[PDB]
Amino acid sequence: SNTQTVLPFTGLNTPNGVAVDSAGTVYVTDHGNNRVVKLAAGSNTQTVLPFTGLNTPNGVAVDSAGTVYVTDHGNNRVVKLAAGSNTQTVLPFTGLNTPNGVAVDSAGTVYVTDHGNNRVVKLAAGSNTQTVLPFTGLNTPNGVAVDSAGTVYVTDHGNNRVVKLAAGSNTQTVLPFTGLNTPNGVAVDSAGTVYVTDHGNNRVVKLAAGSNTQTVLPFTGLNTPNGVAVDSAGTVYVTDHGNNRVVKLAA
């Protein structure tokens, strides 16, 4: 598709994170308003998720069960809410210093970029022991994504790069994006195509697996974009932070 749709969310203020579930429902961390909102596919009316005492959300992810995970700056913690539930659960991460990005894989393992500690941590479902991934030389990582193989992608914000940690061999590689300026969001689709919001350049770029070609997506008039997500149909969602809105572009 060649033209973006502005989603009918209302009253957004500096939205900074977006996730999309299998049903096409779109979840957004409305940072400026300290809440998480959601919009069902085809709906004109959002609802606000009942996270209690949420203070300044940084990122959001949703699993196959519709369970929503949100990183909280003010409370320095990660919380989740099962679909249809009223009562959040605080995930037992420890020693966080501003969780930022969050992703969840098919096994329901939760991955969080621990912004102030320059590290990425993961918690398997039902575990109390978190694991620090063998990333090296991260500087204020924010976005994180995980593909079907369990490869982990991190926007290394302080180093203007996006890094990849290959499952098993733990070999870390810098993805060959160019011209990035403070990337924040990262997403990866079923095909292994990596999408990054190039915040400092007001653009969203994608890189096919093992390619030396980056493609600028034809979004228009973005300002300080940050969160990005891709659904099963390759539709790309972007939180256009500076314009208080969310936009999408079908494939």
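Start at 1 with the first residue shown and count on from there.
Novice: Can you tell me which stretch has the higher mean Cα B-factor, 39-47 or 202-210?
Specialist: Looking at the record's C-alpha B-factors, the answer is 39-47.
Novice: Check the entry's C-alpha temperature factors for 81-89 and 139-147, then say which stretch has the higher mean.
Specialist: Between 81-89 and 139-147, it is 81-89.
Novice: Of the options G59, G53, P225, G32, which has the highest CA B factor as deposited?
Specialist: The C-alpha B-factor peaks, among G59, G53, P225, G32, at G53.
Novice: Whose CA atom has the top B-factor in the entry, of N118, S106, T131, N76?
Specialist: Comparing C-alpha B-factors across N118, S106, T131, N76, the top value belongs to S106.
Novice: If you rank every modelled residue in this chain by C-alpha B factor, which third holds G242: lowest, middle or highest?
Specialist: Its C-alpha B-factor belongs to the middle third of this chain's values.
Novice: Tell me, lowest, middle or highest third: where does the Cα B factor of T182 rank within its chain?
Specialist: Ranked within chain, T182 CA B lands in the highest tercile.
Novice: When the deposited Cα B-factors of this chain's modelled residues are ordered and cut into thirds, is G221 in the lowest, the middle or the highest one?
Specialist: Middle third, going by the recorded CA B-factors of the chain.
Novice: Taking the chain's C-alpha temperature factors as the reference, tell me which third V236 falls into: lowest, middle or highest.
Specialist: According to the entry, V236 has a C-alpha B-factor in the chain's highest third.
Novice: Lowest, middle or highest third: where is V194 by C-alpha B factor in its chain?
Specialist: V194: CA B-factor falls in the lowest third of its chain.
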